[PDB]
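S.K.: Before I ask anything, let me first share the structure, which is written out below as structure tokens.
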Amino acid sequence: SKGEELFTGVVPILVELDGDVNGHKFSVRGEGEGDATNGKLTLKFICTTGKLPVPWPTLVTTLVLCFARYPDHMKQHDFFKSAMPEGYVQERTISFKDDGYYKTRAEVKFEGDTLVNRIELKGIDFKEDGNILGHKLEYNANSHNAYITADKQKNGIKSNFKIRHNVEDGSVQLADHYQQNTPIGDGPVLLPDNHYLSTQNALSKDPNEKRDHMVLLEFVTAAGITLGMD
């Protein structure tokens, strides 16, 4: 494919999300930029509808894996850039243990010079006194590895992985992610060999921002494929 050539420099990013969790509706808009050569994303997100009714950390995975850093010896296992600029659809169900579940559908693709991530989220069966709707989670994110496998029978990839949210009392809230990606256009796409993505996150606040918001720095790097015989 030709898509990886679109990511050799710094690329502006736009993220739009419409959400509805137990009937509490919200919207988020984010902007920033991505640097795939270093695997670096920097964005700021605003809840444009006022107060976000779920904790910001529960939305990190939902709010652009085409910016992951694939080492030169793994360039041929980079499904996400191969689908560009036509993009892919990213769908998850995120099951919170002893609580409800999100269902998400996103389109990730270029619109002009900007990589756009446009998401619809629905949340169902949450406890109004739980860790999610009750805002009992710490404002941070643990580093994690997520294994990718190809899905031949759909021309795409799939991944299942656990996210562990820190709870304000010292416990951990588990978030089981089931993910699937499929291309938008009909061009050729690379189907990877089993590997994983390695992710770190840092969440902060902008001193000058009054709205409900999240400043995010994220690093995503691909690994898991041996490199010896050139």
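Convention: chains lettered A, B, ... in structure tokens order; per-chain residue numbering from 1; ligands numbered from 1 as shown.
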Determine, counting only C-alpha atoms, which protein, DNA and RNA residues have an atom within 10 Å of an atom of segment 170-180 of chain A; residues of the same chain fewer than 6 positions away are not included. Present the result as an mmCIF file with N, CA, C and O atoms, in the first residue's frame.
M.R.:
```cif
data_model
loop_
_atom_site.group_PDB
_atom_site.id
_atom_site.type_symbol
_atom_site.label_atom_id
_atom_site.label_comp_id
_atom_site.auth_asym_id
_atom_site.auth_seq_id
_atom_site.Cartn_x
_atom_site.Cartn_y
_atom_site.Cartn_z
ATOM 1 N N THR A 58 -12.009 6.470 31.197
ATOM 2 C CA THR A 58 -12.739 5.382 30.563
ATOM 3 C C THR A 58 -12.924 5.605 29.079
ATOM 4 O O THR A 58 -13.331 4.673 28.384
ATOM 5 N N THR A 61 -9.145 4.856 25.387
ATOM 6 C CA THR A 61 -9.048 3.896 24.285
ATOM 7 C C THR A 61 -9.970 4.258 23.123
ATOM 8 O O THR A 61 -9.623 4.004 21.962
ATOM 9 N N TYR A 88 -10.371 3.087 8.057
ATOM 10 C CA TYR A 88 -10.958 1.858 8.547
ATOM 11 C C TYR A 88 -12.067 2.204 9.522
ATOM 12 O O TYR A 88 -12.153 3.329 10.028
ATOM 13 N N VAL A 89 -12.922 1.220 9.766
ATOM 14 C CA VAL A 89 -13.906 1.269 10.831
ATOM 15 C C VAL A 89 -13.340 0.532 12.033
ATOM 16 O O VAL A 89 -12.807 -0.576 11.895
ATOM 17 N N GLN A 90 -13.447 1.146 13.208
ATOM 18 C CA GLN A 90 -13.013 0.550 14.463
ATOM 19 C C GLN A 90 -14.231 0.390 15.359
ATOM 20 O O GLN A 90 -14.892 1.379 15.684
ATOM 21 N N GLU A 91 -14.524 -0.847 15.755
ATOM 22 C CA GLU A 91 -15.667 -1.152 16.606
ATOM 23 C C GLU A 91 -15.206 -1.896 17.851
ATOM 24 O O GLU A 91 -14.408 -2.831 17.764
ATOM 25 N N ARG A 92 -15.724 -1.496 19.005
ATOM 26 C CA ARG A 92 -15.441 -2.189 20.250
ATOM 27 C C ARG A 92 -16.721 -2.409 21.036
ATOM 28 O O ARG A 92 -17.703 -1.678 20.891
ATOM 29 N N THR A 93 -16.687 -3.426 21.890
ATOM 30 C CA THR A 93 -17.486 -3.445 23.100
ATOM 31 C C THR A 93 -16.504 -3.459 24.255
ATOM 32 O O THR A 93 -15.522 -4.212 24.236
ATOM 33 N N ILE A 94 -16.737 -2.586 25.219
ATOM 34 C CA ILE A 94 -15.917 -2.482 26.413
ATOM 35 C C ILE A 94 -16.800 -2.886 27.578
ATOM 36 O O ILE A 94 -17.759 -2.176 27.901
ATOM 37 N N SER A 95 -16.484 -4.018 28.209
ATOM 38 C CA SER A 95 -17.297 -4.564 29.287
ATOM 39 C C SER A 95 -16.628 -4.259 30.615
ATOM 40 O O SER A 95 -15.555 -4.793 30.912
ATOM 41 N N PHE A 96 -17.269 -3.421 31.424
ATOM 42 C CA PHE A 96 -16.749 -3.132 32.751
ATOM 43 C C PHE A 96 -17.229 -4.206 33.718
ATOM 44 O O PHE A 96 -18.423 -4.502 33.778
ATOM 45 N N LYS A 97 -16.297 -4.793 34.464
ATOM 46 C CA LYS A 97 -16.649 -5.893 35.350
ATOM 47 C C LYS A 97 -17.510 -5.394 36.501
ATOM 48 O O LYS A 97 -17.181 -4.395 37.152
ATOM 49 N N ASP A 98 -18.607 -6.116 36.761
ATOM 50 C CA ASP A 98 -19.588 -5.757 37.790
ATOM 51 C C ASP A 98 -20.254 -4.417 37.493
ATOM 52 O O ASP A 98 -20.569 -3.659 38.416
ATOM 53 N N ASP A 99 -20.462 -4.111 36.215
ATOM 54 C CA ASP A 99 -21.037 -2.833 35.796
ATOM 55 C C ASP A 99 -21.449 -2.981 34.333
ATOM 56 O O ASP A 99 -21.471 -4.092 33.794
ATOM 57 N N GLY A 100 -21.755 -1.857 33.676
ATOM 58 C CA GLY A 100 -22.274 -1.866 32.324
ATOM 59 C C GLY A 100 -21.218 -1.999 31.243
ATOM 60 O O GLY A 100 -20.073 -2.384 31.499
ATOM 61 N N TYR A 101 -21.619 -1.681 30.005
ATOM 62 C CA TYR A 101 -20.747 -1.851 28.842
ATOM 63 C C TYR A 101 -20.906 -0.708 27.841
ATOM 64 O O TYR A 101 -22.013 -0.217 27.619
ATOM 65 N N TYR A 102 -19.789 -0.268 27.242
ATOM 66 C CA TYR A 102 -19.859 0.627 26.095
ATOM 67 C C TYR A 102 -19.871 -0.190 24.815
ATOM 68 O O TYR A 102 -19.217 -1.232 24.720
ATOM 69 N N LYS A 103 -20.569 0.325 23.810
ATOM 70 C CA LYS A 103 -20.434 -0.114 22.431
ATOM 71 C C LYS A 103 -20.078 1.088 21.575
ATOM 72 O O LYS A 103 -20.756 2.118 21.637
ATOM 73 N N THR A 104 -19.024 0.960 20.768
ATOM 74 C CA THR A 104 -18.513 2.084 20.000
ATOM 75 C C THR A 104 -18.332 1.698 18.542
ATOM 76 O O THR A 104 -17.983 0.558 18.224
ATOM 77 N N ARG A 105 -18.576 2.661 17.658
ATOM 78 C CA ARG A 105 -18.252 2.517 16.247
ATOM 79 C C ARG A 105 -17.607 3.810 15.780
ATOM 80 O O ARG A 105 -18.199 4.886 15.916
ATOM 81 N N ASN A 131 -18.580 2.698 39.786
ATOM 82 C CA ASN A 131 -17.315 3.414 39.610
ATOM 83 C C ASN A 131 -17.345 4.357 38.416
ATOM 84 O O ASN A 131 -16.567 5.318 38.381
ATOM 85 N N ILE A 132 -18.215 4.102 37.443
ATOM 86 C CA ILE A 132 -18.261 4.874 36.206
ATOM 87 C C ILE A 132 -19.165 6.078 36.418
ATOM 88 O O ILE A 132 -18.692 7.213 36.537
ATOM 89 N N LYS A 136 -15.662 7.416 40.484
ATOM 90 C CA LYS A 136 -14.807 6.909 41.553
ATOM 91 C C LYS A 136 -13.433 6.455 41.045
ATOM 92 O O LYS A 136 -12.720 5.746 41.760
ATOM 93 N N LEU A 137 -13.044 6.856 39.836
ATOM 94 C CA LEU A 137 -11.782 6.428 39.248
ATOM 95 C C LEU A 137 -10.749 7.540 39.319
ATOM 96 O O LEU A 137 -11.076 8.725 39.207
ATOM 97 N N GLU A 138 -9.491 7.144 39.501
ATOM 98 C CA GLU A 138 -8.407 8.109 39.526
ATOM 99 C C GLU A 138 -8.138 8.621 38.115
ATOM 100 O O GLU A 138 -8.408 7.936 37.126
ATOM 101 N N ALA A 146 -1.310 -4.828 24.077
ATOM 102 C CA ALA A 146 -2.519 -5.359 23.455
ATOM 103 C C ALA A 146 -2.147 -6.136 22.201
ATOM 104 O O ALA A 146 -1.577 -5.572 21.262
ATOM 105 N N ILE A 148 -2.471 -8.070 18.719
ATOM 106 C CA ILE A 148 -3.192 -7.966 17.458
ATOM 107 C C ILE A 148 -3.139 -9.323 16.772
ATOM 108 O O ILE A 148 -2.099 -9.997 16.788
ATOM 109 N N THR A 149 -4.264 -9.740 16.190
ATOM 110 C CA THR A 149 -4.306 -10.905 15.311
ATOM 111 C C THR A 149 -5.090 -10.553 14.055
ATOM 112 O O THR A 149 -5.998 -9.722 14.083
ATOM 113 N N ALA A 150 -4.715 -11.171 12.942
ATOM 114 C CA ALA A 150 -5.399 -10.892 11.690
ATOM 115 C C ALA A 150 -6.749 -11.600 11.655
ATOM 116 O O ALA A 150 -6.951 -12.643 12.290
ATOM 117 N N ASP A 151 -7.685 -11.012 10.919
ATOM 118 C CA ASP A 151 -9.013 -11.606 10.719
ATOM 119 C C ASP A 151 -9.201 -11.762 9.213
ATOM 120 O O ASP A 151 -9.741 -10.874 8.546
ATOM 121 N N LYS A 154 -12.574 -11.384 7.275
ATOM 122 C CA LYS A 154 -13.176 -10.059 7.208
ATOM 123 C C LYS A 154 -12.255 -9.010 6.601
ATOM 124 O O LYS A 154 -12.633 -7.834 6.560
ATOM 125 N N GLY A 156 -9.492 -7.855 7.850
ATOM 126 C CA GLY A 156 -9.099 -6.903 8.870
ATOM 127 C C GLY A 156 -8.330 -7.501 10.024
ATOM 128 O O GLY A 156 -7.702 -8.559 9.886
ATOM 129 N N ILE A 157 -8.383 -6.829 11.176
ATOM 130 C CA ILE A 157 -7.678 -7.264 12.370
ATOM 131 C C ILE A 157 -8.643 -7.310 13.543
ATOM 132 O O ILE A 157 -9.732 -6.735 13.512
ATOM 133 N N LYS A 158 -8.222 -8.004 14.593
ATOM 134 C CA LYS A 158 -8.984 -8.059 15.826
ATOM 135 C C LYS A 158 -8.019 -8.089 16.996
ATOM 136 O O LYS A 158 -6.846 -8.445 16.856
ATOM 137 N N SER A 159 -8.530 -7.708 18.160
ATOM 138 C CA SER A 159 -7.720 -7.640 19.367
ATOM 139 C C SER A 159 -8.655 -7.706 20.558
ATOM 140 O O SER A 159 -9.719 -7.089 20.544
ATOM 141 N N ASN A 160 -8.276 -8.479 21.566
ATOM 142 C CA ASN A 160 -8.948 -8.465 22.853
ATOM 143 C C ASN A 160 -7.906 -8.167 23.915
ATOM 144 O O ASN A 160 -6.823 -8.758 23.899
ATOM 145 N N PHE A 161 -8.230 -7.266 24.837
ATOM 146 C CA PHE A 161 -7.253 -6.870 25.838
ATOM 147 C C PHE A 161 -7.957 -6.275 27.042
ATOM 148 O O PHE A 161 -9.082 -5.785 26.947
ATOM 149 N N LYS A 162 -7.274 -6.328 28.179
ATOM 150 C CA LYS A 162 -7.782 -5.806 29.435
ATOM 151 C C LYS A 162 -7.206 -4.419 29.683
ATOM 152 O O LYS A 162 -6.025 -4.167 29.423
ATOM 153 N N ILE A 163 -8.052 -3.519 30.169
ATOM 154 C CA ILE A 163 -7.622 -2.232 30.697
ATOM 155 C C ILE A 163 -7.939 -2.246 32.183
ATOM 156 O O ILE A 163 -9.016 -2.703 32.598
ATOM 157 N N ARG A 164 -6.995 -1.774 32.990
ATOM 158 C CA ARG A 164 -7.145 -1.777 34.441
ATOM 159 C C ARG A 164 -7.180 -0.337 34.927
ATOM 160 O O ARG A 164 -6.154 0.355 34.904
#
```
S.K.: Can you tell me which residues surround residue 183 of chain A at a distance of at most 10 Å, considering only C-alpha atoms, apart from same-chain residues fewer than 4 positions away, and format the answer as a PyMOL selection string?
M.R.: chain A and resi 79-80+82-84+86-90+107-109+154-157+187-189
S.K.: Excluding segment 74-77 of chain A and residues on its chain fewer than 5 positions from it, collect all residues at most 12 Å away from it, counting only C-alpha atoms, and give them as a ChimeraX atom specification.
M.R.: /A:1-5,37,66,68-69,82-83,148-150,156-157,189-197,221-227,230
S.K.: Quick one: DSSP strand (DSSP E or B) residues in chain A, as a PyMOL selection string?
M.R.: chain A and resi 10-21+24-35+40-47+69+88-96+101-111+114-124+137+144-151+156-167+172-183+195-204+213-223
S.K.: For residue 110 of chain A, which residue among A:215, A:64, A:17, A:167 is the nearest when counting only C-alpha atoms?
M.R.: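 Closest to residue 110 of chain A, using only C-alpha atoms: A:64.
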S.K.: Using only C-alpha atoms for the distances, tell me which of A:207, A:71, A:57, A:12 is nearest to residue 140 of chain A.
M.R.: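 Residue with the minimum atom-to-atom distance to residue 140 of chain A: A:57.
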